[PDB]
Amino acid sequence: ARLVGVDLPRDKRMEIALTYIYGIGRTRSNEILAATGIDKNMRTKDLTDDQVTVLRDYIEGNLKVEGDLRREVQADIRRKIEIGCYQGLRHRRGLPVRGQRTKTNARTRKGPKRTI
Amino acid sequence: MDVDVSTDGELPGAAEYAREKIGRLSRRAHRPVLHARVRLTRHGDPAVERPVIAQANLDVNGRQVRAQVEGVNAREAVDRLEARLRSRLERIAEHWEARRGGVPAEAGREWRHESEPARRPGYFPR
Amino acid sequence: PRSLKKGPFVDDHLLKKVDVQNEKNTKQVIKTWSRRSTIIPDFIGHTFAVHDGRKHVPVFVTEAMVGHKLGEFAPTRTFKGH
Amino acid sequence: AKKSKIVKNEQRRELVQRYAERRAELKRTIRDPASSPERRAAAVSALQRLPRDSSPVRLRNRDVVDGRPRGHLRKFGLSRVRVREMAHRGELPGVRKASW
Amino acid sequence: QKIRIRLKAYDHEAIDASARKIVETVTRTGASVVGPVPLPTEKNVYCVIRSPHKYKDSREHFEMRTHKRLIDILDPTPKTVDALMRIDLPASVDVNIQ
Amino acid sequence: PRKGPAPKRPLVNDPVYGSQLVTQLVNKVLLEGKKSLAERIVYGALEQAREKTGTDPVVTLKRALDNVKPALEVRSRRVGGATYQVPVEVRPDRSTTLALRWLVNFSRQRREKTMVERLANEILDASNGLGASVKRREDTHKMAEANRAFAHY
Amino acid sequence: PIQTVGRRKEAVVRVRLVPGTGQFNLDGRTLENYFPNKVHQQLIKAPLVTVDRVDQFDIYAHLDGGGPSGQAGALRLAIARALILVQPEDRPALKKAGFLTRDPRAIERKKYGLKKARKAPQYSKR
RNA sequence: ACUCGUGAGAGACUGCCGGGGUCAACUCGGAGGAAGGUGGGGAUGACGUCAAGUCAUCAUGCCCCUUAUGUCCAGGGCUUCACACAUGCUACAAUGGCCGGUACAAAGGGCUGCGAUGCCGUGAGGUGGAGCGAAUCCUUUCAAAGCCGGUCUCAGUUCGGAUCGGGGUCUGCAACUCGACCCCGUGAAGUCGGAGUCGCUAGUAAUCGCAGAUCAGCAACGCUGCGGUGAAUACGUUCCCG
């Protein structure tokens with residue numbers, strides 16, 4: 001079922017299917033399912049249309065997900081970069097920003113290993 | 001071959017000379033070299049007649065080869081270390097050409113530890 | 001970060017300095033030495049010469065960097081590459 | 001270690017007993033209850049005005065004679081090096097080598 | 001009213017000697033006892049490195065063992081009390097009177 | 001083992017089947033000391049085999065063992081400073097050990113979505129003589145035969 | 001009455017045997033609420049099986065220390081001792097079965113320099 | 001009465017029997033016994049070697065500094081990163097992940113310390129302070145693996161948790177460089193690892209949790225101990241090492 005432009009998994013339990021929304025993990029899905037009132041164990045092929053609508057308007061109401069969240073994160077990172085703070089140039093040169101050791105580790109920020 | 005040199009104190013140019021001299025030993029080794037480390041140290045006491053100490057360690061396909069030398073300067077220590085390493089690698093070869101004279105030969109002439117024991121019948125030859 | 005009950009932390013030296021600085025609405029460069037002090041909305045226009053370990057680097061405050069520390073804007077270690 | 005640093009540790013202790021006993025503790029009691037009016041009281045600022053050496057956070061358990069700052073034992077106030085030597089000489093009552 | 005007599009010493013023979021001598025004197029004064037009830041031994045263990053520099057793998061262990069005996073009397077006649085505060089004991093053993 | 005053979009551990013008979021070999025099997029499938037899970041897996045496999053065939057599980061398990069039990073195995077021997085593959089006769093205990101180890105491993109590499117079903121299928125196919133352990137016994141016997149020239153030492 | 005004890009690697013079992021039925025009372029819980037493992041039950045009842053006195057002794061037991069396996073072993077030793085106290089002339093049958101022997105296998109003390117009792121830290125020659 | 005705690009003592013000595021043995025050492029088997037052949041594990045490390053390590057625990061000959069190489073302070077650094085090596089932890093999953101219920105330890109620590117009941121938070125935690133110098137009170141009455149039930153269905157996934165964004169708690173004068181923990185979101189590599197190489201013979205390896213020292217806080221996945229569950233294999237010294 002198309003939910004906020006997200007093609008839901010074909011057969012999954014409700015909360016874990018909702019996890020596939022970029023702004024929702026497991027706790028968010030659980031609490032929104034409990035609050036709105038849908039069953040949490042029922043498969044994604046059992047949704048009726050009005051269920052899709054109630055999920056849609058609830059999510060657009062008291063949550064921010066998908067493109068807006070991505071662009072807000074990108075804008076926050078860019079603003080942090082442009083003010084010249086430590087995390088700024090840490091983001092600029094692709095190095096860990098939370099004080100992680102860089103003598104050996106931090107291949108996640110460094111990407112794949114290169115030989116020079 | 002790639003070598004990392006861990007010197008100490010003051011030894012200008014010792015690292016490069018040791019690198020270039022040791023890297024030439026790869027062809028002498030009959031098996032691929034997995035690691036090669038060299039350390040240069042100098043004795044603080046001026047009373048030492050040979051203050052500079054050079055040590056090397058090569059991982060010749062799991063077989064550890066090491067040597068240690070003393071000299072009056074970096075160049076002499078590196079050269080003597082190269083000589084000792086060459087001698088050790090010569091004694092380690094273990095390929096067939098290096099162990100063809102030690103394999104037991106003949107049938108009854110000569111005995112070695114691993115020589116094939118003579119087959120004996122049950123009854124005394126008589 | 002610092003707990004909310006204690007409130008933000010600012011050293012008294014540059015505190016009195018900025019209070020006497022903004023009382024006559026003129027903002028000259030202030031030479032400072034407490035990199036641990038948070039940015040307060042009273043700094044919005046003042047220019048700080050925050051220490052680095054060797055010298056003082058000018059820091060011109062804005063609305064964006066309020067709530068941070070003067071220390072984030074004086075990078076200590078210098079690295080250019082291998 | 002160094003005589004100056006052995007002495008300076010003691011000077012911190014006499015500073016601590018003089019200041020941290022009531023001055024650097026009543027301010028903490030003020031800051032604990034959110035009900036207590038800390039913000040206008042400047043108990044934070046008043047306690048900043050106090051010397052750093054008042055704070056016990058600057059103290060260091062050194063060896064009581066040797067001055068060794070590391071490998072310290074709170075039961076004896078002695079370094080690991082000194083405890084080993086005096087226990088072997090039978091100087092600490094009721095201490096001996098172990099087996100089990 | 002009964003009072004607790006508590007012994008703590010690092011040496012077994014010393015605390016046993018004090019316990020027997022104390023029951024002897026209180027029985028001399030004519031008091032009812034319970035006997036030197038044994039209590040669990042307290043063990044404090046410390047591990048140290050032998051060498052001053054490096055050599056972490058070589059360690060040395062020590063303990064301090066404290067032995068406890070419990071003495072409880074009855075019928076606290078004043079003569080027993082006056083005897084109790086008039087007892088000389090080895091410095092190793094302490095007494096707790098409650 | 002330089003000073004002589006070491007004594008063997010006399011493991012106990014199983015309570016719910018009364019056979020030594022099922023205990024040997026549970027000890028072979030044991031991992032990290034989780035013995036309860038190992039016995040559950042083995043018992044489930046035996047019950048699955050009983051349900052599929054309709055007879056006692058111990059008899060078909062023994063049939064599988066005899067189907068995968070090897071007799072001739074090859075060890076490298078250095079005689080007179082030269083090494084060759086020499087076929088060697090296998091003692092009964094070692095043959096049982098090898099058979100059980102092969103069964104357990106080759107069941108671990110099956111594709112039946114659960115260890116119990118994999119093990120049950122492997123024992124059934126070994127009983128009928130189609131399992132991969134039976135194959136492995138075929139290859140080890142083939143290698144033993146192909147090197148029969150070196151059997152004289 | 002009669003009372004014996006069983007000990008197995010930090011597990012202590014006090015047993016009280018009376019000639020009633022085969023009811024097993026382990027700290028107020030039955031042999032099924034306790035010890036939910038068939039192997040443990042067989043280990044428990046083995047002395048009764050070899051003595052063939054199954055279901056003729058009501059058993060009351062006190063369990064403390066160790067885990068389920070140690071508790072079961074100590075309990076089995078406890079019933080063996082209780083049986084040897086009740087009917088002395090069965091001592092051959094229990095003893096040759098080993099049920100009269102306390103198992104002196106305890107956790108080996110951890111040693112300094114080693115990660116575990118015998119496990120040694122990984123050593124790199126290169 | 002039974003455990004238990006801690007004092008004393010007994011108990012393994014080839015003591016006995018049978019056989020090999022030079023009738024000698026010693027050895028094989030059996031009985032008794034909790035234990036049988038230095039029972040298991042510790043402490044204990046000969047003469048010396050390697051001018052091995054330590055003038056940075058300490059002491060010390062000689063040399064050197066002494067308006068400084070002494071001494072006080074603030075800030076920074078010891079945490080820098082294109083890489084290389086080494087020791088570990090977490091994984092790559094179904095012998096598993098998640099949720100609910102539920103059973104069993106030992107050892108140790110605690111006075112300006114342990115800190116309970118209760119109340120407030122979702123959770124770090126906050127308020128509050130019962131009782132404890134402690135076989136008593138607190139560390140929960142102590143565990144986790146375990147057992148039972150439900151769900152997931154072989155996928156880079158309900159695996160894996162890195163990295164990153166936001167929001168907080170605590171300690172501390174102060175968490176920017178540079179603490180730990182909590183919540184929401186984010187969801188990387190990783191499909192069992194080449195040459196080569198390491199540890200371990202029984203309560204051992206493997207696996208699970210607990211505690212202590214240092215310590216205001218912690219970089220602790222480290223070290224030193226404690227208990228829970230608990231294997232496989234050893235034909236035999238030709239080869240490798242000492």
# chains A, B, ... in the order shown; residues from 1 in each chain; ligands from 1
>>> select_by_dssp(residues="chain D", states="strand (DSSP E or B)", output="PyMOL selection string")
chain D and resi 72-73+78-79+96-97
>>> write_last_selection(atoms="C-alpha atoms", output="mmCIF file, in the first residue's frame")
data_model
loop_
_atom_site.group_PDB
_atom_site.id
_atom_site.type_symbol
_atom_site.label_atom_id
_atom_site.label_comp_id
_atom_site.auth_asym_id
_atom_site.auth_seq_id
_atom_site.Cartn_x
_atom_site.Cartn_y
_atom_site.Cartn_z
ATOM 1 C CA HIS D 72 48.115 3.494 45.281
ATOM 2 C CA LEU D 73 46.157 1.461 47.831
ATOM 3 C CA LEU D 78 51.075 3.149 50.306
ATOM 4 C CA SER D 79 52.373 2.423 46.828
ATOM 5 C CA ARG D 96 50.993 -12.346 54.393
ATOM 6 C CA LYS D 97 51.391 -14.036 51.032
#
>>> residues_around(residues="residue 179 in chain H", least_positions_apart="4", cutoff="8 Å", atoms="only C-alpha atoms (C1' of nucleotides)", output="VMD selection string")
chain H and resid 175 217 to 219
>>> select_by_dssp(residues="chain C", states="helix (DSSP H, G or I)", output="number ranges by chain")
C: 12-22, 41-43, 70-73
>>> write_last_selection(atoms="N, CA, C and O atoms", output="PDB file, in the first residue's frame")
ATOM      1  N   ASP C  12      33.222  34.982  34.481  1.00  0.00           N
ATOM      2  CA  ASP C  12      32.874  36.316  34.950  1.00  0.00           C
ATOM      3  C   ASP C  12      33.666  37.401  34.232  1.00  0.00           C
ATOM      4  O   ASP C  12      33.145  38.503  34.031  1.00  0.00           O
ATOM      5  N   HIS C  13      34.913  37.120  33.847  1.00  0.00           N
ATOM      6  CA  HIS C  13      35.748  38.145  33.224  1.00  0.00           C
ATOM      7  C   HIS C  13      35.075  38.717  31.984  1.00  0.00           C
ATOM      8  O   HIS C  13      34.704  39.898  31.945  1.00  0.00           O
ATOM      9  N   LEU C  14      34.902  37.886  30.958  1.00  0.00           N
ATOM     10  CA  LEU C  14      34.273  38.372  29.740  1.00  0.00           C
ATOM     11  C   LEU C  14      32.806  38.701  29.958  1.00  0.00           C
ATOM     12  O   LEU C  14      32.239  39.467  29.175  1.00  0.00           O
ATOM     13  N   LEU C  15      32.188  38.181  31.018  1.00  0.00           N
ATOM     14  CA  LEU C  15      30.831  38.597  31.351  1.00  0.00           C
ATOM     15  C   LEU C  15      30.782  40.087  31.673  1.00  0.00           C
ATOM     16  O   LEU C  15      30.069  40.855  31.017  1.00  0.00           O
ATOM     17  N   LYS C  16      31.534  40.514  32.690  1.00  0.00           N
ATOM     18  CA  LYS C  16      31.595  41.938  32.990  1.00  0.00           C
ATOM     19  C   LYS C  16      32.123  42.724  31.796  1.00  0.00           C
ATOM     20  O   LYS C  16      31.697  43.859  31.554  1.00  0.00           O
ATOM     21  N   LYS C  17      33.040  42.129  31.027  1.00  0.00           N
ATOM     22  CA  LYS C  17      33.564  42.818  29.853  1.00  0.00           C
ATOM     23  C   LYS C  17      32.458  43.139  28.853  1.00  0.00           C
ATOM     24  O   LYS C  17      32.366  44.267  28.362  1.00  0.00           O
ATOM     25  N   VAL C  18      31.586  42.174  28.563  1.00  0.00           N
ATOM     26  CA  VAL C  18      30.540  42.436  27.582  1.00  0.00           C
ATOM     27  C   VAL C  18      29.440  43.308  28.170  1.00  0.00           C
ATOM     28  O   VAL C  18      28.795  44.066  27.437  1.00  0.00           O
ATOM     29  N   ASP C  19      29.194  43.224  29.482  1.00  0.00           N
ATOM     30  CA  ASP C  19      28.225  44.134  30.083  1.00  0.00           C
ATOM     31  C   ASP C  19      28.686  45.583  30.002  1.00  0.00           C
ATOM     32  O   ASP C  19      27.880  46.478  29.722  1.00  0.00           O
ATOM     33  N   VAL C  20      29.974  45.846  30.238  1.00  0.00           N
ATOM     34  CA  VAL C  20      30.455  47.209  30.051  1.00  0.00           C
ATOM     35  C   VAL C  20      30.620  47.535  28.573  1.00  0.00           C
ATOM     36  O   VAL C  20      30.675  48.711  28.202  1.00  0.00           O
ATOM     37  N   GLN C  21      30.702  46.516  27.716  1.00  0.00           N
ATOM     38  CA  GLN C  21      30.846  46.745  26.286  1.00  0.00           C
ATOM     39  C   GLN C  21      29.538  47.183  25.639  1.00  0.00           C
ATOM     40  O   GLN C  21      29.537  48.067  24.775  1.00  0.00           O
ATOM     41  N   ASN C  22      28.419  46.576  26.031  1.00  0.00           N
ATOM     42  CA  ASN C  22      27.133  46.874  25.413  1.00  0.00           C
ATOM     43  C   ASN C  22      26.389  48.013  26.093  1.00  0.00           C
ATOM     44  O   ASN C  22      25.352  48.446  25.580  1.00  0.00           O
ATOM     45  N   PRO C  41      23.006  35.210  24.149  1.00  0.00           N
ATOM     46  CA  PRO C  41      22.429  36.209  23.228  1.00  0.00           C
ATOM     47  C   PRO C  41      22.905  37.640  23.455  1.00  0.00           C
ATOM     48  O   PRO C  41      22.490  38.532  22.703  1.00  0.00           O
ATOM     49  N   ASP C  42      23.721  37.899  24.472  1.00  0.00           N
ATOM     50  CA  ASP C  42      24.304  39.219  24.667  1.00  0.00           C
ATOM     51  C   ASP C  42      25.569  39.433  23.847  1.00  0.00           C
ATOM     52  O   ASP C  42      26.146  40.523  23.904  1.00  0.00           O
ATOM     53  N   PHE C  43      26.014  38.430  23.090  1.00  0.00           N
ATOM     54  CA  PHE C  43      27.238  38.528  22.308  1.00  0.00           C
ATOM     55  C   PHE C  43      26.989  38.792  20.831  1.00  0.00           C
ATOM     56  O   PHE C  43      27.950  38.830  20.059  1.00  0.00           O
ATOM     57  N   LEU C  70      32.887  29.393  22.765  1.00  0.00           N
ATOM     58  CA  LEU C  70      33.899  30.114  21.999  1.00  0.00           C
ATOM     59  C   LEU C  70      34.997  29.183  21.508  1.00  0.00           C
ATOM     60  O   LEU C  70      35.726  29.527  20.573  1.00  0.00           O
ATOM     61  N   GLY C  71      35.154  28.020  22.143  1.00  0.00           N
ATOM     62  CA  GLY C  71      36.212  27.100  21.772  1.00  0.00           C
ATOM     63  C   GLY C  71      36.033  26.410  20.431  1.00  0.00           C
ATOM     64  O   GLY C  71      37.034  26.117  19.774  1.00  0.00           O
ATOM     65  N   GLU C  72      34.789  26.161  19.995  1.00  0.00           N
ATOM     66  CA  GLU C  72      34.576  25.480  18.717  1.00  0.00           C
ATOM     67  C   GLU C  72      35.059  26.295  17.525  1.00  0.00           C
ATOM     68  O   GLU C  72      35.250  25.732  16.441  1.00  0.00           O
ATOM     69  N   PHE C  73      35.259  27.600  17.693  1.00  0.00           N
ATOM     70  CA  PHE C  73      35.576  28.485  16.581  1.00  0.00           C
ATOM     71  C   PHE C  73      37.029  28.938  16.607  1.00  0.00           C
ATOM     72  O   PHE C  73      37.396  29.892  15.914  1.00  0.00           O
TER      73      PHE C  73
END
>>> interface_residues(of="chain G", to="chain H", cutoff="10 Å", atoms="only C-alpha atoms (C1' of nucleotides)", output="PyMOL selection string")
chain G and resi 1-5+9-16+33-37+62-71+100-113+115+117-126
>>> residues_around(residues="range 100-115 of chain A", least_positions_apart="4", cutoff="8 Å", atoms="only C-alpha atoms (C1' of nucleotides)", output="PDB file with N, CA, C and O atoms (P, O5', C5', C4', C3', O3' and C1' of nucleotides), in the first residue's frame")
ATOM      1  N   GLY A  94      35.405  14.586   5.535  1.00  0.00           N
ATOM      2  CA  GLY A  94      34.977  13.209   5.672  1.00  0.00           C
ATOM      3  C   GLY A  94      35.670  12.430   6.770  1.00  0.00           C
ATOM      4  O   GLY A  94      36.137  11.311   6.545  1.00  0.00           O
ATOM      5  N   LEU A  95      35.748  13.014   7.958  1.00  0.00           N
ATOM      6  CA  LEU A  95      36.326  12.374   9.125  1.00  0.00           C
ATOM      7  C   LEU A  95      35.300  12.316  10.246  1.00  0.00           C
ATOM      8  O   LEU A  95      34.342  13.100  10.261  1.00  0.00           O
ATOM      9  N   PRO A  96      35.450  11.385  11.189  1.00  0.00           N
ATOM     10  CA  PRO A  96      34.492  11.300  12.297  1.00  0.00           C
ATOM     11  C   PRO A  96      34.444  12.598  13.088  1.00  0.00           C
ATOM     12  O   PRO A  96      35.463  13.252  13.310  1.00  0.00           O
TER      13      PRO A  96
ATOM     14  P     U H  79      48.254   9.581  22.982  1.00  0.00           P
ATOM     15  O5'   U H  79      46.870  10.342  22.764  1.00  0.00           O
ATOM     16  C5'   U H  79      46.565  10.975  21.523  1.00  0.00           C
ATOM     17  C4'   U H  79      45.142  10.710  21.097  1.00  0.00           C
ATOM     18  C3'   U H  79      44.568  11.688  20.075  1.00  0.00           C
ATOM     19  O3'   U H  79      43.651  11.004  19.224  1.00  0.00           O
ATOM     20  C1'   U H  79      43.256  11.739  22.032  1.00  0.00           C
ATOM     21  P     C H  81      42.992  13.525  12.982  1.00  0.00           P
ATOM     22  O5'   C H  81      43.925  12.733  11.967  1.00  0.00           O
ATOM     23  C5'   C H  81      44.147  13.224  10.651  1.00  0.00           C
ATOM     24  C4'   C H  81      44.891  12.225   9.803  1.00  0.00           C
ATOM     25  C3'   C H  81      44.142  10.928   9.508  1.00  0.00           C
ATOM     26  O3'   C H  81      44.585  10.412   8.257  1.00  0.00           O
ATOM     27  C1'   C H  81      46.116  10.431  10.663  1.00  0.00           C
ATOM     28  P     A H  82      44.018  10.971   6.864  1.00  0.00           P
ATOM     29  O5'   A H  82      44.929  10.239   5.782  1.00  0.00           O
ATOM     30  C5'   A H  82      44.541  10.198   4.420  1.00  0.00           C
ATOM     31  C4'   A H  82      45.384   9.235   3.620  1.00  0.00           C
ATOM     32  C3'   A H  82      45.474   7.811   4.135  1.00  0.00           C
ATOM     33  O3'   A H  82      44.324   7.033   3.861  1.00  0.00           O
ATOM     34  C1'   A H  82      47.615   8.545   3.484  1.00  0.00           C
ATOM     35  P     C H  83      44.070   5.678   4.683  1.00  0.00           P
ATOM     36  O5'   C H  83      45.246   4.715   4.206  1.00  0.00           O
ATOM     37  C5'   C H  83      45.647   3.604   4.992  1.00  0.00           C
ATOM     38  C4'   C H  83      47.130   3.353   4.881  1.00  0.00           C
ATOM     39  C3'   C H  83      47.654   2.163   5.669  1.00  0.00           C
ATOM     40  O3'   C H  83      47.495   0.940   4.971  1.00  0.00           O
ATOM     41  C1'   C H  83      49.014   4.045   6.099  1.00  0.00           C
ATOM     42  P     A H 162      26.900   0.707  17.806  1.00  0.00           P
ATOM     43  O5'   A H 162      27.852   1.128  16.601  1.00  0.00           O
ATOM     44  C5'   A H 162      29.245   0.855  16.637  1.00  0.00           C
ATOM     45  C4'   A H 162      29.896   1.165  15.314  1.00  0.00           C
ATOM     46  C3'   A H 162      29.912   2.633  14.917  1.00  0.00           C
ATOM     47  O3'   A H 162      31.012   3.329  15.474  1.00  0.00           O
ATOM     48  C1'   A H 162      29.098   1.340  13.117  1.00  0.00           C
ATOM     49  P     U H 163      30.850   4.845  15.978  1.00  0.00           P
ATOM     50  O5'   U H 163      30.365   5.630  14.685  1.00  0.00           O
ATOM     51  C5'   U H 163      31.252   5.877  13.606  1.00  0.00           C
ATOM     52  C4'   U H 163      30.533   6.533  12.459  1.00  0.00           C
ATOM     53  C3'   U H 163      29.766   7.797  12.804  1.00  0.00           C
ATOM     54  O3'   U H 163      30.592   8.944  12.851  1.00  0.00           O
ATOM     55  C1'   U H 163      28.392   6.375  11.521  1.00  0.00           C
ATOM     56  P     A H 188      22.806  -0.156   6.040  1.00  0.00           P
ATOM     57  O5'   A H 188      24.352   0.064   5.734  1.00  0.00           O
ATOM     58  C5'   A H 188      24.804   1.200   5.012  1.00  0.00           C
ATOM     59  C4'   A H 188      26.289   1.373   5.174  1.00  0.00           C
ATOM     60  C3'   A H 188      27.097   0.087   5.065  1.00  0.00           C
ATOM     61  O3'   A H 188      27.424  -0.232   3.726  1.00  0.00           O
ATOM     62  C1'   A H 188      27.693   1.216   7.045  1.00  0.00           C
ATOM     63  P     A H 189      27.140  -1.703   3.152  1.00  0.00           P
ATOM     64  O5'   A H 189      28.467  -2.504   3.498  1.00  0.00           O
ATOM     65  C5'   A H 189      29.731  -2.030   3.063  1.00  0.00           C
ATOM     66  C4'   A H 189      30.829  -2.438   4.009  1.00  0.00           C
ATOM     67  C3'   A H 189      31.004  -3.933   4.212  1.00  0.00           C
ATOM     68  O3'   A H 189      31.762  -4.542   3.182  1.00  0.00           O
ATOM     69  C1'   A H 189      31.003  -2.846   6.306  1.00  0.00           C
TER      70        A H 189
END
>>> closest_atom_pairs(of="chain E", to="chain D", cutoff="9 Å", atoms="only C-alpha atoms", output="tab-separated table")
residue	atom	partner	partner_atom	distance
E:9	CA	D:94	CA	8.8
E:10	CA	D:94	CA	5.3
E:11	CA	D:94	CA	7.3
E:45	CA	D:98	CA	8.5
E:48	CA	D:80	CA	6.1
E:49	CA	D:80	CA	7.2
E:50	CA	D:84	CA	7.6
E:51	CA	D:81	CA	7.9
E:52	CA	D:81	CA	6.3
E:60	CA	D:97	CA	7.5
E:61	CA	D:98	CA	5.2
E:62	CA	D:97	CA	4.7
E:63	CA	D:95	CA	5.8
E:64	CA	D:95	CA	5.0
E:65	CA	D:94	CA	6.6
E:66	CA	D:94	CA	8.0
E:92	CA	D:93	CA	8.6
>>> residues_around(residues="range 108-120 of chain B", least_positions_apart="6", cutoff="7 Å", atoms="only C-alpha atoms (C1' of nucleotides)", output="PyMOL selection string")
chain F and resi 79-81
>>> interface_residues(of="chain C", to="chain D", cutoff="10 Å", atoms="only C-alpha atoms", output="list in words")
residues 5, 6, 7, 9, 10, 11 and 12 of chain C
>>> closest_residue(among="H:99, H:17, H:94, H:114", to="chain F", atoms="only C-alpha atoms (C1' of nucleotides)")
H:94
>>> residues_around(residues="residue 67 in chain E", least_positions_apart="5", cutoff="10 Å", atoms="only C-alpha atoms (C1' of nucleotides)", output="PyMOL selection string")
(chain E and resi 7-16+38-43+93) or (chain H and resi 6)
>>> closest_residue(among="E:88, E:75, E:82, E:94", to="residue 2 in chain E", atoms="only C-alpha atoms")
E:75
>>> interface_residues(of="chain H", to="chain E", cutoff="10 Å", atoms="only C-alpha atoms (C1' of nucleotides)", output="list in words")
residues 4, 5, 6, 7, 43, 53, 54, 56, 57, 58, 108, 109, 135, 212, 213, 223, 224 and 225 of chain H
>>> closest_residue(among="A:7, A:82, A:76, A:57", to="chain H", atoms="only C-alpha atoms (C1' of nucleotides)")
A:76
